[PDB]
Amino acid sequence: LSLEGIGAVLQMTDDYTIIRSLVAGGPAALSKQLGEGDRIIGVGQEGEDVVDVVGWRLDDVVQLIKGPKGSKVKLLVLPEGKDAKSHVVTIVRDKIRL
Ligand SMILES: [Cl-]
Ligand SMILES: [Cl-]
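Just remember that my numbering sits 28 ahead of the position in the sequence shown, which is counted from 1.
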């Protein structure tokens with residue numbers, strides 16, 4: 029089994045896409061910039077705007093995150109917490125064995 033993307037396990041709770049876990053050895057795990065509880069509120073492709081994904085269906089969000097090996101994805105991350113502010117994390121996608 030393989031996947032071309034970042035190696036993040038996502039779950040949807042109350043309109044938010046949230047990191048549940050990271051796939052062992054994947055780009056997300058290797059980055060050290062993502063963790064359980066982080067909310068992904070926007071996704072941008074290279075050179076493009078960061079599209080708001082709050083309230084979307086999870087499969088539609090995943091389709092923006094996955095992509096070709098070597099291409100970059102911008103994730104607008106909102107850490108866990110009532111008054112959290114957001115920041116961007118850039119991950120280089122890879123083909124990962126699950
Ligand atoms: Cl895939
Ligand atoms: Cl959903």
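The beta carbon of each residue, even a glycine, is placed where N, CA and C say it ideally should be.
Does residue i come out as helix, strand or coil in the three-state DSSP assignment?
{"i": "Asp42", "result": "coil"}
{"i": "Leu86", "result": "helix"}
{"i": "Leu92", "result": "helix"}
{"i": "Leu103", "result": "strand"}
{"i": "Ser114", "result": "coil"}
{"i": "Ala52", "result": "coil"}
{"i": "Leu126", "result": "coil"}
{"i": "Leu58", "result": "helix"}
{"i": "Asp66", "result": "coil"}
Please report the Cβ distance between residue i and residue j, rounded to the nearest whole angstrom; I am assuming they are in contact, meaning their Cβ atoms lie under 8 Å.
{"i": "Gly53", "j": "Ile124", "result": "7 Å"}
{"i": "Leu104", "j": "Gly65", "result": "Going by Cβ atoms, the distance from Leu104 to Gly65 rounds to 15 Å, so no, they are not a contact pair."}
{"i": "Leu106", "j": "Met40", "result": "At roughly 14 Å, the Cβ-Cβ gap does not stay under 8 Å, so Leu106 and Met40 are not in contact."}
{"i": "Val89", "j": "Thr45", "result": "5 Å"}
Among the options, which has the Cα closest to the Cα of residue i?
{"i": "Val81", "options": "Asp42, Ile119 and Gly35", "result": "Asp42"}
{"i": "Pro55", "options": "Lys97, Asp88, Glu74 and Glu76", "result": "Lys97"}
{"i": "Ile119", "options": "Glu108, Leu106, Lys60 and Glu76", "result": "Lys60"}
{"i": "residue 141", "options": "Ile46, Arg48 and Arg67", "result": "Past the boundaries of the shown model lies residue 141; the chain is included only from 29 to 126, so the question cannot be answered."}
Whose C-beta lies closer than 7 Å to the C-beta of residue i among residues of the same chain, with five residues either side of it excluded?
{"i": "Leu50", "result": "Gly35, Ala36, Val37, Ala56, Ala57 and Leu62"}
Tell me which same chain residues have a C-beta within less than 8 Å of the C-beta of residue i, skipping the five on either side of it?
{"i": "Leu126", "result": "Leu29, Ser30, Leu31 and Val51"}
{"i": "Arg121", "result": "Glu32, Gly33, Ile34, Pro55, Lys94, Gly95, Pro96, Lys97, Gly98, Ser99, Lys100 and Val101"}
Given residue i, which residues of its chain have a CB within under 6 Å of its CB, disregarding the five upstream and five downstream residues?
{"i": "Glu108", "result": "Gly65"}
### Message
As a quick check of your reading: which residues have a C-beta less than 6 Å from at least one non-hydrogen atom of ligand 2, in chain order?
### Response
Every residue passing the under-6 Å Cβ criterion appears here: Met40, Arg85 and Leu86.
### Query
Residues with a Cβ closer than 7 Å to any heavy atom of ligand 1, in chain order?
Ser30, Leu31, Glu32, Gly33 and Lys94
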